[PDB]
Each structure stands twice: as C-alpha cells, then as structure tokens.
Amino acid sequence: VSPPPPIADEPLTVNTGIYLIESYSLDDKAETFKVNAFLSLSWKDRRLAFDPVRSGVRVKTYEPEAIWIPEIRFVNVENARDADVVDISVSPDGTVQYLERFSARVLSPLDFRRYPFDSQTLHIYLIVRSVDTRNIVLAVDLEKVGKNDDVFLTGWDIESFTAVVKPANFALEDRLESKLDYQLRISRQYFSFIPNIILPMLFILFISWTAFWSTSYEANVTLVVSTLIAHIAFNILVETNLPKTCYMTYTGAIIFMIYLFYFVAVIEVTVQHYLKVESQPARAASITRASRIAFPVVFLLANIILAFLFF
Amino acid sequence: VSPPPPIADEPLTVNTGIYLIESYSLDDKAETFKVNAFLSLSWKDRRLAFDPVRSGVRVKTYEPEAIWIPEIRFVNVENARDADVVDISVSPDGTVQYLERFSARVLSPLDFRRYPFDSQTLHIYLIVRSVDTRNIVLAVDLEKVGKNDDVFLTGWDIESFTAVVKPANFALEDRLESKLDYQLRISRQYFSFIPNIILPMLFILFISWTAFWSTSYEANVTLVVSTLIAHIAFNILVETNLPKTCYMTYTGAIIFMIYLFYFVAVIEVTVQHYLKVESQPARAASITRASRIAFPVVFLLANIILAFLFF
Amino acid sequence: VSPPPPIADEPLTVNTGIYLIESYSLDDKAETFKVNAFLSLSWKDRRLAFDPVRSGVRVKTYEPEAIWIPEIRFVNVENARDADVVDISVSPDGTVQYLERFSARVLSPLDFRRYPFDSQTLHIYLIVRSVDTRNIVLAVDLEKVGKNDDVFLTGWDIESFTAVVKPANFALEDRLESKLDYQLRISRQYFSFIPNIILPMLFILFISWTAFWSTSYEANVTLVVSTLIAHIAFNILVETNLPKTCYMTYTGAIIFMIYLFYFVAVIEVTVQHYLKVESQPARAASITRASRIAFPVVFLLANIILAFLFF
Amino acid sequence: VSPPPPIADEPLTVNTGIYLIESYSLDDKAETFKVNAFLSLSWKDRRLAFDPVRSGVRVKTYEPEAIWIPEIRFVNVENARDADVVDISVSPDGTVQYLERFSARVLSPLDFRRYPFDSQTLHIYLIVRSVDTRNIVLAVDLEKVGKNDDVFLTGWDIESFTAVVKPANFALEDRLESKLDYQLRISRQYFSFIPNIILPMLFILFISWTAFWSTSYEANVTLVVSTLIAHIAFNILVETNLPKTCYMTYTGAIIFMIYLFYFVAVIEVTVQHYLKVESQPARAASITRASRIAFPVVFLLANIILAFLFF
Amino acid sequence: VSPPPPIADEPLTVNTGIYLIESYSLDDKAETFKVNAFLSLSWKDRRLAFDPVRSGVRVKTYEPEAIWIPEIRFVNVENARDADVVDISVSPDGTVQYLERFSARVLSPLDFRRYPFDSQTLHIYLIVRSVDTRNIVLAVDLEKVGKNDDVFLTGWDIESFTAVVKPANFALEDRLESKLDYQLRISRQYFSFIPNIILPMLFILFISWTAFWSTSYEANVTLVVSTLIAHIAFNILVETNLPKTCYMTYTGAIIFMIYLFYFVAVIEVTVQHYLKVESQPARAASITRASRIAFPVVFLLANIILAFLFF
Ligand SMILES: [Cl-]
Ligand SMILES: [Cl-]
Ligand SMILES: [Cl-]
Ligand SMILES: [Cl-]
Ligand SMILES: [Cl-]
Ligand code: NA
Ligand code: NA
Ligand code: NA
Ligand code: NA
Ligand code: NA
Ligand code: NA
Ligand code: NA
C-alpha cells in the first residue's frame, strides 16, 4: 500500500487525539510515568471513497493490513507502545477514522526546585515522518483529546490534559517531520509532609536548643550531638520523600541550613564551656542568654529569606 | 468478519463472567494486584445457527479467526491481558459460548486511613465499544462469576468476589460504551502488628517516662534523647510495615502524637533541671510528680480520642 | 483437529510427568519459585495408528500443528509457561509420546512458623479441561517424574520431588476438570543462623545484664538503653535474613521476648536507683543481687517453654 | 534472498548513521545506559534497479521481507535491539535507503577515579559479518549522525555524539568483520554534591575537633565516638550518592582519610587523659594545644596532596 | 525434515563452539551471570551434498526451515536463549556450518568460603537429545572456542574460557543425551576491600581497646558499647560488600570473632569496675594492664589461625 495522492501541492493532515484511560507509576527518580490511553487518527484517502446508495452501507470497516495507515510514533517513550487497533472506519468521501488503545512508559523531565509544593508539566510527543511521494502534517482534534474522570496519580492533583494545537514542523535527515505536544499538568498533593517530615525534624532541632538553658557541658554535648545523630537517622527514615536531585531544592536548602544550625550550636556549647573553665562565667552566661533568642530568630529570618528566594 | 445483524433495533447483549483461579502480588505502594482467572463470554450470532438433525452434532467448535468475537477489554489494567482461548462452542440457535484464561496486573486505589484494620474493595472493569452497524451492551451471568477455594492473598482475608449486574452505559469519543464492575472485597489480617510494631514502640516510650523518677539531668537527657533515637531506629526497622500515604492514617496519627510526647518529655526534663538549678526544687518536684500521672493519662485519653475519630 | 473418539463411554487418560532440570529464585517474601523442567505427555489416538511392516518405520514423528494435542495448563503459575516442544513420537498402536521443555514461576504458599528450622512442600498443579465430545482425565507415569542430581536451591536442602498419583477430578463452569499435585519437599539448611543472628543478638542482651553488677544509674542507663539501640541496629542489619509474616513465628516470638527483657531491665535499673535515693539501699541491693540469677534463669525457662510450644 | 553481486572484487559499503532521539537510564553500578535512536543504512543493490518512465514512480518502497538487507548488529548490547523499520526506499540506480528506529540497553565501562568531577566516553559498536559470496564493510554518513536538542541524561551534561569514521576491519571465526565506534561524551553535573555530601560530612569532623578545647575525658569520648557514629549514619544516608568501585576513587580516598582522622583524634583524647591521670598535665596541655592547629593543617595539606594526585 | 541417516551404526557428531562477545551482570546473591556470544555448530548431512562442477557454486546458503538442524539447548539457563541465526552454509560434501548469536542468563553456583580472595569457575552446559532414528553426540571445535579481548566483568579478572572436550554422555527418560562443559574462570579483583571494609572496621575495634588505659567505668561503658553500635552501623553500611551466603566464610569468621572481642572487652570493663568497687584495685589494675597486651595478641594469633584454616 502507498499513501493517498494529493489534489494539488498540499500535504496530508492527520487529525490526532489522545484520551487518557489510566495514568500511574510516576517515578520521580527515573523521571518517567506510565499511561494507558486511546489514540485516534483521521485522514482522507479518496482511493477509499464510495457511493453510499450503490454500496448500501454508510461506513466500511477495514483491517490495518487492507489500507494505508500513517506511521505515527511517540518521541519520548522508553520502548515501542503496546498498541491494539480498536476500529478502522471509512466514510463515503474517503475519510478514515482509526482508533487504537496503547500503553506506554513516557519520559518527561521534572523540576524539584520547589518540592513539595512543585507543579509539573508532563509531555507526550507525537511525530510523523513525511514520505517521498507526499508530506505529512499532524493536526489536533480537540473533540478527541481528554481524560477519564477516575484518572489518578497518587500524591498529585491532575489539573489538565491539553494539546499544543500548532505542530512543530522541522527537517531531519533530509525529510520533513510534524511533532505535537500533549501536556499533562499535575500539582503536588502532600498534606502529610508537615506532620511526617517537617514537624518531627524541627522538634529534634528545638531539643538541641535546650542546651542554652543548661550549664552542664556533658549534658549539652549529649543534647547537641545525639539530636544531630537523630537528625541523620530521621533522614535515613524519610529519605524516600527527599527528592533525588543535582540542583538546589527548597527542601534541600532547609536541610543544609539545619546542618549549619547544629554546627553553630556545638560552637556555642564549646565557647560557653571554655569561658567557664577559663574562669570568665560573666561572658559565658551572656552568650548562652543571647543564643536563647539568637538561634530561633536567625532560623525564622533565614527560612523567610529562603521561602522568598524559591517562591 | 462483521458483527451479527439485529432482528429489530435492539443492541447485542454479551454475558460476561470472571472466575478467579489465582490472586497474588498485592502491592500496597503501587495500588496494584495481579490476578489469574477465566473470562467467559456469550452472545447470539444467528449467522452461525444450525439444525442439529441434518448436521448430526449438537454443538460446533470454532477457532477465534473463524467467527466474529466482541472486542472486550479491561479498563484498569497496566498492560494488555495475557489471554489464551480455552474453548468456543456454538449451540444450535447460534448462541456462542466463549471461554479464555487470562492474567492481568489490575489498578485499584487503596484506603489506608484505617490501616492495619483497613478493608479494601478491589475493582476489575470490563468494557466494550459499540460499533457503527450494531450497539453492544454487557450483561452478568451470575452462574459464571466466582473464585476457587484455594484463592489466597497473604496478610489478607478474601471476603467476596461479586459483580455489579447493571452496566454503566455512557458515550465516549462519539460512540457507546458498556462498562461492568467486578468487586473483590478483602479485609486485612495482621495479628502480629501488635507484638511486632505497636508493643515494642510503646516500651521505648515507657522507658522515656522513667525520667519522671530521676533527678539526674545527665541520666534524663540520655533516657529521653536515646529512646527518641531508638524510636527512629525502630521505625527504620519496621519501615516496611508502615502504610505510605498522602492523607492522615490512624497508625500515622499515633506515630505523630508519639513525637509530640518525646518533645514534651524533653521540656519537663529541661524545666525540672532549670527550677532545681534556680534553687526552687519545691515546684521542680511538683512538676516531675504530676508528670508521673500526666504523661500516661494524656496518652491514654489522646489514643481513645484518635481511635474514636478513625472508627 | 478434533479429540480422539472413544471406543466406549470411557474418558481419555493423559500420562503426565515432570522432570526438574533446574530449580532457582525461591522468593520467601513473594511465596514464589522459578523452575526449568521437561513435561512429558502420553495418550492414545487410534486415528494415528499404523502398520510398521507396510510403512517400513517403527515410529512416526509429527509437528504439533499436524496432530491433536490436549490443552494441559498449570494452575498456580504467574504467567503462561515458556514451553518449546522437544519431540512428538507416535507408536504403531497410536500412542503419542509428547515431550516439551518449559520454565515457569510457580506460586506455593510458605509456613514460617518454625523458621529457621522450617521445611516446605512446594506445589505444581497440572490441569486439563474436558471437552464436549469426550472427557479428559490426568494420570501419573512414575517412570517420567524426577529431578536432575545437580538440582539446587540456595538456602535449602531438596528432599524429594514426587506426585500425588490420584487426580482431583471436579466440576467447574459446567465442565469436568482433572487436577494433579506435584510436590517438591525442601528443608532449610541455615547452619550459620546461630553465629550470624542468634549469638551476636544474645551477646548484646548479656551486655545489658552487666547493669546488675553496677550501682551507677548513669552507667546502667547507658548500658540498658544503648544495647537496646544496638539490638535494633543489629535487627536493621540482619532483617534481610529474618522471616516476613502476618502470624507468629518462632524467631518472631524470641525477638518479642527480648524486647520485654530490655523493658524489665530498665524497671530494675530505675527501682534500684529510686530505693537508693529514698535511702533504702538494703532492698536496692537485694533486687540487683536477685536479678543477677533471675534474668538468666527466667530467660532460659521462657526459651524452653517457647521451643516446646513451636516444636 | 542473497547479497548483491560485485562488479569486480570490491566489497559492499553500507553507509551507517545513528541519530539519538532519547538517552536515559544511566546505571552507574551496572555500567549500562539505555538509548532510543534512528539507524539509517544505505547500500547499492543493482538487482533492484528500475526505469521511472516504465514504473511510473521515481522511488520504489519495499518491505524488509521483499529485499536483501545486511545483518547489522550491535556489539555491546544486553539483548537484541527493539527495532521497527520506518522506511525502505530504492532509487532507479538500486541504492537502498533503509531507516529503522531502535531502543537498546548499551554496555560501556565507566571510570569513577575522578567522581564527582568525572567525564565519560560511552560507546555504541556497530558490526557486520561478511558473507561467503562477497565481503561487507561499514561506512559513516556524517550527514546522518547526530542527536536531538532535548536529549538529556540527568546529573550529566551531554557534550558530543560523534563516530570514528574508519571501521575496525578484522578476522573472526574464519570470516571478515567490519566494526564501527559511535562515541557519546558526557561530563558530570553535581553542583549540590558540596552542600549535600561534603559540607555536612566536614561539619561532623569539625565537631570532633572541639575535643581539643575540653579536658573532660567523658565529654571527649562522647564527642569523638558519637561524631564517628554520625559519620557512619551520614554515609548510610548518602550511600546512594557514593560510587561503588573496586579501585581507589578520589572521594573514596577522602572518606578513608576521614576514618584515619577519627582514629588519631581518639589517640590524642586517650593520651591527654593518661598524662593527666599520671599527673603530668604540662605535656597533656601541650599535645591538646598542638592538636588545635595540627589536626586542621594536616587535613588541609593531605586534601591538597590528594586533589593534586587525582587531578 | 528428518535427521541424516547413518552409513553404519555410528552416531552423529556435532562440532560445537562458543565465542564470548560480552559478559556482564554477575549477581553474586542470585548465583547468575549474563553472557552474549556466538554459537557455532557443524554436522555432516550427505542428503545436502552437491557436485561443485554441476552446481556452479562451492557453498550453498540455507534458511533454518529449509534443512534439518539439531535441537541444541543449554542446561543451566533461566529461560530459553535469545538466539538469531547469523549464517548456514553447506560445503560440497554436505558439512553444514551453522552460526547464531545468542544471549543467556546462566546459573552457576559460587564458592564464597575464600571471599574476597575467591576465584570462580562459571559453567555453560550444552546438551542434545538423541532421536529415535539416530543417536547424537557433541564434539568441541577448539578453533571455534574463545572470547573477545574487550570482554570484562567488573570487579573480577577474566582468566580463561575453555571447554571440557570429552562430552558427558548419559541416559535420561529412555533416550541418550550428550552434555558439554564450557568453563569461564574468573578471579576476584577487590583492592579497595582493605581501605573500605577491613581497615575502618579494625579502627572501631582498636578504639574500644582504649578502655584498657582508663579507670572511668562511665567512659569505658561509652567506649565499648558505642564502638559496638558503630561496628553494627558500619556493617549496615558495607553490608552490600559482604558475602550474601550461608556456610562459614573467611570474612564471615572474622566478623563473628570481632563480636566475641566486644563481648570479652565488656567483661574486662565490668570486672575492673567490680574489683575497684569491692576495694581490691591491685587485681583490677593487673587485669587492665594484662588486657593491654592480651587483647591485641589474642586477636593477631586468632586471625593467623583463621587465614591458615581458610588458605
Ligand atoms: Cl512509539
Ligand atoms: Cl485488556
Ligand atoms: Cl500454564
Ligand atoms: Cl543488536
Ligand atoms: Cl536453551
Ligand atoms: Na500507526
Ligand atoms: Na476479546
Ligand atoms: Na551518653
Ligand atoms: Na500443551
Ligand atoms: Na538489520
Ligand atoms: Na549514642
Ligand atoms: Na538450535
């Protein structure tokens, strides 16, 4: 089978449409997500045109083998899509209406800079290669683009599934290519982030600040160093949530700042002890007393500065 | 092959039935489970009808290729089902009796709010797309819906496998679709949750309350902070047996409240020490003595309040 | 092709045989094990009978497509077996000698109540569905059931591979089914559980009992709480080695009892300190002295009681 | 189908070209990476020549089955590539222009000696085995070798995708083989390595050096041993971000040196205490005072020496 | 197609040869390794013989379907090999020369008794089942057995790839079977085992022995118990690099002996304290002083005894 011939020098328009049935397995670390969906294609092949009153029937059904079908592919997929043709229907004028149901593991990069308040735009790229006999351009049939209401993605709120209607037509290896961008916008849903990660982590930190109300070097060392170990053990515990990145994250900065707060606390505890042993407890008391307000204030300000920087 | 033509205007009824052979691999985190089962379908195609007298035989066996079979699909499956046709049998009147054996990884959302006492309703959705020549509706043959007695799901009690007899008929991408709901009800079975997770966690907490019978700040700091580390280490240990959710869990609330109890204990220990060093051991003793009854009482009440809230 | 017709009303006997070539990947947590084996089937189809004198040859070889072969399936398999036909050989009387080499991931529940001294019985169920024309029953050819001598399963001792010769014939979805039980008996060979899990766990516990020879509350708190953390860290270390169950295990019970021993030790340490501070060191010394023999004795007895209860 | 016959004794030249569409799943531990690309091949088969006047069309399209296509394979791939033919086009002269799209998990060794500043040269080897009738040699069409601009590999910066134009022609199992080297040059991108791994690790080490300003053996033991535990806990935490190698890494040298610094600190702490108890606090103070500058200086120098040795 | 008939009673000799292209994914815990190789087979089929003079050509190429090919299989493979026929050539006398490229995940038991100094012998078993008409025996063509020079196995040194030339002929299920043993000898390469596992582990143990230079029970308890926790944390860290076995290992024995050394140290610390409190510091000092030389000496000898016992 060969592609349909043109009336004049015009290319062939293929009316695409992706309707999401199921979305699942969003791997934050692999930057992949799986999707089960319909793919509807529609073009006009006049060789397939028929008179309805002579044939008796209003639409003819065909097998994929029987007719010319455009080679549509996905750009950002791991392997070839697991597709099964649902129906092929030709109208009297030759307009083919193809429909298939596929499942694919899609690659879309993620932006963890604002985690756990981050919103993502997942992409699904459709592409078609233009043949020698005639050029092929992709079109969006907005009536055939959507998603089922049950469609969920655990820990996320699925906002919208839309398509960039203007295709990116370009040249590649001496032939024309028509690319389409399907966008799945998702915002993070993590209500339990505060009681499960932030709040227990902050308690550990405030426990260490009780050293500003003690004069026992031995107790203070235990307080500041043990809570530092407890902070690490707490991090080995909630590490699954800790977004695995190579740029600085909002959550990533806070964690770093917390390590600095533990270090500075040790300095104070060491200073207070040294001045006390050097028989100058007047300064040792001044510092400890200052630190009682200095540590919470500097922490609150530094978090305001950060929150501002990231949002 | 084309679908059977109607005598009048009536749609084609397909009598469905799923009989579970083997259930397994329930992934609480992925919200998936795997199932091995039979799928029985039945429809009336009068084109295949035959007189038993002249043919000699009462039932004719066919190959899938030889006859028209409806395109039945699962909605909430990860990839296409691994199906193998068992038998196709046409009765004299043309009533086809299809049977296949399939295996599929099903997506059914889970509700961890009441874990480890949670009960789930696993769904299996059957769907058929109506063709242009004829509309197709799904029906349930209750005599062909069930499960083998050996059918197990480790850590769960399989209660019932039933089907919502009324199909959800709706319009999708300009064509009619008949959807069916098969429900697998399972209640959690975790007897060892108390001795393996709750009881050792509570012992750690009670160890921390021995600080209300000590006046040694150095011993108390060790007691309350070490058991806090031990609580985390215990959590990194039973981290597998922890339900991973983005809403608040019963178990998850307890865990949070336990972190608050550790924090408050530190405050008491710090207060008792400060009042003692500030030469006011009369109130330091009062507080420590109150805490001896205050900490267990508030803990018991708060757990009653929580258990009431979730159940 | 259709099944062979009966001389009388008798059903068709298919002589089964599974010979294990390789056993591997026993997943204690998934309750699965993979196997690579031969499957030999033998029946009598008189339509295939031939005179050896006129034909010249004593046995005729056929292609699966060329002749009727019964639809044999496995019950407890994850997906369809990866089978490849080795040889099909028809004797003069019409007796077919089928042989195929397959590999399958089998599901067989495990009993961890007596771990690490547990022995398991892995099952492989063969099933055949009776057709309309004639009923099919499965038989065991003991000469064709066995296992290679190299057959190993790391973590176990392979005792026997036998078959329950009497098939479980029953009715399902209005048709007869003949089921067969193949049993692979394996006993656990973990001979180093003691030096790797039990002995170090016990050392850590005995270290805590040195608190009965000390009067230093501060040292005792460190001793009993640190070894409690060390017990957890040891458990996060050997947790891969330990069993994953939703009932009570022998190992599980001991672990639980050990947590109780840590709690009781804390009570003693707390009591001894309180009586000493309340200026009553006569009873504080009595208790500590009693505990020196009470803790080991109660431990030995309780382990005898438990070992008896489980075995 | 047989290969095209030579005019004279010249071999057949196949013009290769790999254009990367997607690069992903770089497994540092497995030394593998996955890739999704186009493979364009071009050779001359004069048996396929045609007159565009008689044939009507300027280029004929063929099915893989219909014509002779060279058996091109990848050397360093895990399994066979998941290829799908895009287009086969023959010009009147007999020049075949093949194009397929393949996915493949490629094996290229990695050099972690300079991690996290390491750069890699990933290889993709194309090979063709010469047949008996005529020899086959591989050629590079530089116009058909490249990569899409969106092509990413998380935590790395993709520098270049080039091909060694001269094929490595050699003899293997008595026949000629033409091998081609495609090189993907990447350099590590880990900005957050300093705040997430190095800086918190160093804080923990500096905390241990506060023992040079204390005389309390009990506090010093806690300081040096607790930070040693904290160093390990931190390493179990960042364990993921550590290259798992069987030679010495730049990072692996630093980590080792840090363990030596902890050991030496213990010696000092032990020595200072012994001299103090042996009533010689003049030397004990000298050592502690020296260590205040000795430990940071030796650490800075040793890191300079190392950084120089590795880079 | 049927097998070639014999001139006499002689069996058919098939000349085997495996040439390794790629070796990878050696899973120490699963006892498996993946391999990508050529498989060359050669047998004499006189039915395929041809006079060069009449035929015109010296060698005829065939399709697998066109001629009789022996059913060669691998014994110790997980699933069926992913094979693709490269070339089939028939010389004028009838000598078929088959060549295919395959990939297989092989099963080869490993011996971790001498880890990390262990050397392994990986096996690849070729087998052929004798047919009724003619018996089949396997032969080794040493000119066709080898490995590419780039062939690597990370963390191992590939010594040799040879084949046991004498096949193991035996009877299985009433038919003759010819088995061949291909051996891949690999010796471990773990230079960094000393700085990454042994040396930091010994430093922890050495730290514990500083308790023999202290009289502070409180400091000694911290020293011995904390380093015991640090030993565990270190083990949870390097547990990836420790042989995941059953039977006693060289590394396995050392680790155990180290746990005994921690326990004995506690006894000394406890004894020294008890004698001191019981006002007998003459004996308490003697023991501590003896232990200063007793602990290192007994450790050095016990390791000498061990290494002798294992090597
Ligand atoms: Cl695609
Ligand atoms: Cl489906
Ligand atoms: Cl099966
Ligand atoms: Cl390949
Ligand atoms: Cl094989
Ligand atoms: Na298509
Ligand atoms: Na179907
Ligand atoms: Na302590
Ligand atoms: Na079969
Ligand atoms: Na090819
Ligand atoms: Na500690
Ligand atoms: Na073969």
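Residues numbered from 1 in each chain as written, not as in the entry; some residues may be left out. Chains lettered and ligands numbered in written order. Heavy atoms only, no water. Residues with missing side-chain atoms left out of burial classes, pairs and counts.

Structure determination for this entry is recorded as X-ray crystallography, at 3.00 Å resolution.

K.L.:
Is there a simple way to think about the overall build of chain A in this case?
P.N.:
The number of helices and strands found in chain A is 5 helices and 11 strands. Its C-alpha radius of gyration of 31 Å places chain A more than 25% over the 19 Å reference for a compact globule of 311 residues. Overall size of chain A, expressed as C-alpha extent along the three principal axes, is 110 × 40 × 25 Å. (Helix = DSSP H or I, 4+ residues; strand = E, 2+ residues; numbered from the N terminus. Rg over C-alpha atoms; globule rule 2.2 N^0.38 Å.)

K.L.:
Sorry if this is basic, but what is going on with the interface of chain D and chain E here?
P.N.:
For interface size, the figure often reported is the accessible area lost on association. Residue-level contacts link 45 residues of chain D with 51 residues of chain E. Every element with two or more residues in the side of chain D that touches chain E is listed here: β4 (72-74), β7 (119-129), β11 (175-188), α3 (217-238) and α4 (250-277) of chain D. The element best represented in the side of chain D that touches chain E is α3(D), accounting for 10 residues. Here the residues of the side of chain D that touches chain E are counted per class, giving 24 nonpolar, 8 polar and 13 charged. (Contact = heavy atoms within 4.5 Å. Nonpolar A, V, L, I, M, F, W, Y, C, P; charged D, E, K, R; others polar.)

K.L.:
What exactly am I supposed to notice about the relation of the copies chain D and chain E here?
P.N.:
Two chain copies, one operation linking them: a rotation about an axis together with a shift along it. When chain D is brought onto chain E, the operation consists of a screw motion whose angular component is 72 degrees and whose axial shift is 0.2 Å, with 0.5 Å RMSD remaining. Taken together, the rotation angle and the small translation identify this as a five-fold axis. (Least-squares fit on C-alpha atoms.)

K.L.:
What exactly am I supposed to notice about the side chain of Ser214(E) here?
P.N.:
Its location among the elements puts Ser214(E) in the loop between α2 (193-208) and α3 (217-238). Of the polar contacts made by the side chain of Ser214(E), one reaches the side chain of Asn220(E); its length is 2.9 Å. Excluding residues within four positions of it along the chain, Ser214(E) makes contact with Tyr217(D), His273(D), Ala219(E), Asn220(E) and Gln272(E). (Polar contact = N/O pair within 3.5 Å; in protein donor to acceptor, adjacent residues only side chain to side chain.)

K.L.:
Before we go on, may I ask you to explain the environment of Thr13(D) in this structure?
P.N.:
All names here are of chain D. Positionally, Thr 13 belongs in strand β1 (residues 12-27). For the pair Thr 13 and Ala 139, spaced 126 residues apart in sequence, the C-alpha to C-alpha distance is 6.2 Å. Look past the residues within four positions of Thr 13 in its chain and what remains in contact with it is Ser 42, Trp 43, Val 137 and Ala 139.

K.L.:
For this particular structure, what's the right way to read the relation of the copies chain A and chain B?
P.N.:
Superposing chain A onto chain B requires a rotation of 72 degrees together with a translation of 0.0 Å along the rotation axis, leaving an RMSD of 0.2 Å. Both copies present different contact surfaces, since only 4% of the interface residues of chain A are interface residues in chain B too.

K.L.:
What am I meant to see in the packing of aromatic side chains here?
P.N.:
Here a ring pair, both rings aromatic, is described through the centre-centre distance and the interplanar angle of the planes. By the definition in use, this model includes 102 aromatic pairs over all chains. Put simply, the rings of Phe203(A), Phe206(A), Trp209(A), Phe212(A), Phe261(A), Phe295(A), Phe299(A), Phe256(B) and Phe263(B) touch in pairs and so form one group of aromatic residues. Over the aromatic face of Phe38(A) sits the side chain of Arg129(B), whose NZ or CZ is 5.9 Å from the ring centroid. (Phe/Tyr/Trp six-rings, centres within 6.5 Å; stacked < 30°, edge-to-face > 60°. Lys NZ or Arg CZ within 6 Å of the ring centre and 35° of its normal.)

K.L.:
Quick question: what am I supposed to make of a positive patch on the surface here?
P.N.:
On the surface, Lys29(A), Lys244(A), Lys29(D), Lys244(D), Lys29(E) and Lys244(E) cluster together into a patch of positive charge. Topologically, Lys29(E) is positioned in the loop between β1 (12-27) and β2 (32-44). The exposed category is assigned to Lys29(E), whose relative accessible area is 55%. (Patch = residues over 30% accessible without salt bridge, like charges linked within 9 Å, V, L, I, M, F, W, Y side chains within 5 Å. Areas by Shrake-Rupley, 256 points an atom, 1.4 Å probe, with all protein chains shown as cover. Salt bridge = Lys/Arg side-chain N within 4 Å of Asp/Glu carboxyl O. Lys, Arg positive; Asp, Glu negative; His and termini not counted. Charge placed at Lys NZ, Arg CZ, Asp CG, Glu CD. Buried < 20%, exposed > 50% of the residue type's maximum accessible area, 1.4 Å probe, protein only.)

K.L.:
Please clarify how the sheet that holds strand β10 (residues 156-172) of chain E should be interpreted in this entry.
P.N.:
One key point about sheets: their strands pair by backbone hydrogen bonds, in either a parallel or an antiparallel sense. Residue and element names in this part refer to chain E. Taken together, the 4 strands give an open sheet; going across it, the order is β4-β7-β11-β10, and neighbouring strands pair in antiparallel fashion. In this open sheet, the two strands that pair with only one neighbour each are β4 (72-74) and β10. Sheet twist, expressed as the average angle between the axes of neighbouring strands with direction ignored, equals 20 degrees. Pairing between β10 and strand β11 (residues 175-188): 13 bridges, direction antiparallel. Looking at β11, one finds that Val 164 is bridged to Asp 181. (Pairing = 2+ DSSP bridges. Axes fitted to C-alpha atoms, helices over the stretch in contact; angles between N-to-C directions.)

K.L.:
I'm lost on the sheet that holds strand β7 (residues 119-129) of chain C in this one. Help?
P.N.:
Residues and elements named next belong to chain C. Taken in spatial order, the 4 strands of this open sheet run β4-β7-β11-β10, and their pairing is antiparallel. Two strands lie at the open edges of the sheet, namely β4 (72-74) and β10 (156-172), each paired on one side alone. Direction aside, neighbouring strands of the sheet carry axes that sit 20 degrees apart on average. Alignment of β7 against strand β11 (residues 175-188), held across 11 bridges, turns out to be antiparallel. Along β11, the bridge assignment pairs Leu 126 with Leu 180.

K.L.:
Would you mind showing me how to read the interface of chain A and chain B here?
P.N.:
With 49 residues of chain A in contact, the opposing surface of chain B contributes 43 residues. Within the residue set of the side of chain A that touches chain B, elements represented by two or more residues are β1 (12-27), β2 (32-44), β5 (84-90), β6 (95-107), α2 (193-208) and α3 (217-237) of chain A. A per-class count over the side of chain A that touches chain B returns 26 nonpolar, 16 polar and 7 charged.

K.L.:
Honestly, the arrangement of the chains in this entry has me stumped. Any pointers?
P.N.:
Counting contacts across all 5 pairs of chains found in contact, the highest total belongs to chains D and E. Where chain C comes nearest to chain D, the C-alpha atoms are still 11 Å apart, and the two do not contact one another.

K.L.:
Can you walk me through the nonpolar core in this structure?
P.N.:
For soluble globular proteins, the rule of thumb is that nonpolar side chains tend to be buried together. By size, the foremost hydrophobic cluster in this structure holds 459 residues, and its most contacted members are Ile18(A), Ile18(B), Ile18(C), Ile18(D) and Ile18(E). Contact partners of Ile18(B), with chain neighbours within four places excluded, come to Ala37(B), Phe38(B), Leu39(B), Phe74(B), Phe102(B), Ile124(B), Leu126(B), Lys144(B), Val145(B), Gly146(B), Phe161(B) and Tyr182(B). (Core = buried A, V, L, I, M, F, W, Y, C linked by side-chain atoms within 4.5 Å.)

K.L.:
Before we go on, may I ask you to explain the pattern of salt bridges in this structure?
P.N.:
Residue and element names in this part refer to chain D. Taken as a whole and judged by the stated rule, the model has 57 salt bridges over all chains. Where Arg 129 meets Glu 177, a salt bridge forms, and the shortest distance between an N and an O atom there is 3.0 Å. One end of the pair, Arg 129, is in strand β7; the other, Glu 177, is in strand β11, with 48 residues separating them in the sequence. Take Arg 129: its relative accessible area is 9%, and that puts it in the buried class. Relative accessible area serves as the criterion here: at 2%, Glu 177 is assigned to the buried category.

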